[PDB]
Structures are given as C-alpha cells and as structure tokens.
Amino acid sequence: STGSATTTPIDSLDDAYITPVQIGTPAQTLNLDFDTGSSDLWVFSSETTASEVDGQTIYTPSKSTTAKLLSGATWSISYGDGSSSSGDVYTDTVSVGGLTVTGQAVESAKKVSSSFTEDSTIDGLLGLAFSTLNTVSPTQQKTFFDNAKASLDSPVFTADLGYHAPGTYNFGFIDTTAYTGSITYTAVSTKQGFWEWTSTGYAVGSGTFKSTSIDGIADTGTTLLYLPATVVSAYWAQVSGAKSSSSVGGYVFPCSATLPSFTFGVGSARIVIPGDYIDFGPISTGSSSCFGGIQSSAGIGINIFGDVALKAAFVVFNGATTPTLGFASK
C-alpha cells in the first residue's frame, strides 16, 4: 500500500504545515501538523476543556463507530517551544492520503496550552519520530508510520515541503519525479528517539564549504534551522546590519537586506537553502527589522534541521531495519 497527502502552510511565513487526516467512521477530517520530532498523534476533541478550544475542528469519538477507549490510558507531552497537551486515549481508524491504519492510537486532548488554543489552524499533531518517544502510559503506543510500515510497498515516508506553497507527504514509495539529481543517504541514530543524523558541514553564500560534523535532527515540526552558535554567527556576519537581539529572542536584520544562501552537507552532497527562505519577516507588524530563519541552538541541547532546511530538499525517512535519511535537491 501507499499514501499521498498534500501539506499546506498555515500562514504566509510557513510557520507550520497542516495535512488533512481522516479519523473514525464516518470519517472526521482534521488538519494535523505532521511532526518528525515527536511520536504522539493527538487531537483537539469533544473532551478538550471548552475554554481551550478556539476555532479548531474537534474529533468526537462518540460519533465514530470504530472508536475504542483505551481503558485507563493517559498521555502528556511537552515540546521544544514550551507548549504542551494531555488527555486520554482512543484507538480508531486513521487514513492519510488513501493509506489506512486500523487501531491507531488517537490521543484525545483534555488540556492544551495557550499556544495550541491560539492557533485555530492546527487541529492536532501526528508524530513521525520513533515510537520509543510516545508518551502514552502505562503502555506506549505506535506511531501511524510504525503501524503502517508492514503494509507499505517500501518502509519509507517522504517530506517535500514547499516554500510559501503546498507540498507533499508520501508513504510507502519514493516519487522519482519530485526531485532533481540523486538522493544521498546518510546514517541515522535512533538512540534519542529522533531522526538524528550528522551533517558534513556548511557554506555561507558563495563561500567555500567548511567540512565539520554537525549532529542534529530532521524535524518537520520545528519552523526554523537551529545550528551551533559558531555556524550561525558566521552566517549573520555576512548580512549588513544583522545582530543578535536578546529582547527579540534571536538574530534580526534590516528587512531591506539581501540574504545570502546557506548550504548544508549531506555526505558529499550539498543542499542549498536560498536566502529568501531565511527571511521570517518583520519582528512585529510594521517594523523594518526582520527575524532570521537560522538561529542558535545553544541552550536547546540539540541542533535542529527544521522546516527552513527541510523545505529546500526532498527528504526520505527510511524506516527499514537500519533507518537512514535521504536528501535530494529539487
């Protein structure tokens, strides 16, 4: 089997991407944030504290003939940005782009933090990291990909995110028309539960590539590219007027600037992030200072290849017995 679904930016900055997901019988379609940096599929629901729902589409398990309460099970998660949610657990039929999993754990939110309430476009998350990070207690549950894997034509999914445009998540096959050149594959460590890999270095603009190992995670659920302070300082030093602002919370630059590209290494291959991808617009409405899309990972504890990096590539998440990541230009 295979599946293919379009993913769509939630706003004009590509802050996140939403993908329609069918849950239950008859189908209830919710728009979920596919997150390769977590492993819970959770949704706004009929059980979510009413005051914490503001415009989201909710899952109503009592209207699904295939919903089943997982007795006594609970879940609770917090994310890198400090947001969080928690609740109880159902299993139900879940389809993504024509690909169906029966008995998928669908984690129903009782509580969500303010950032989720305030984002009316995101109805939940669908985690695609390794199932070892799943937060269901007392018994951890499998991700949609893990459940689907044995049925897939190939044990893979791909992320093809757009720049200010829709893109695609495919399950079970690699669309050889969706990228240019070849896909370069690179080793993955699953020891921390993430799609963790080592980039072979970077370049700023037209500068010479610096060979240096950069461990990080491929994370579709993170907006920006977070890299060591050394790397990030070298990038912004090439932008006139750029500076790190503690009050804003990162590097800012004059909105009138022409940003250089940023290249990261995948083995002997190179992915070039155009300068425009690194502009995240005015720091506040009407400001002539703009927020940068490459920021320091110092304090996070890990480097994160978020959407700014991933949208420059066609990315293969290979869930074979020994997982790997593939990157191609497009």
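Residues carry their position along the shown sequence, with the first being 1.
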Inset, instruction - Would you determine, from the values in the PDB entry, which of 285-293 and 42-50 has the greater average C-alpha temperature factor? - result: 42-50
Inset, instruction - Mind pulling up the entry and telling me whether 178-186 or 248-256 has the higher mean Cα temperature factor? - result: 248-256
Legend entry - Residue, from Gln192, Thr220, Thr198, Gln238, that the PDB entry assigns the highest Cα B-factor: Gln192
Legend entry - Peak C-alpha temperature factor (PDB record), options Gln28, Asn31, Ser62, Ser261: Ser62
Inset, instruction - Select lowest, middle or highest to describe the third in which the CA B-factor of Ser4 falls within its chain in this entry. - result: lowest
Legend entry - Record-listed C-alpha B factor of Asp215: chain third: middle
Legend entry - Position of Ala203 among the chain's modelled residues by C-alpha B-factor, lowest, middle or highest third: middle
Legend entry - Within-chain third of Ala109 by Cα B-factor, per the entry: middle
Inset, instruction - Ordered by C-alpha B-factor within the chain, which third holds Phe145? Give me lowest, middle or highest, please. - result: middle
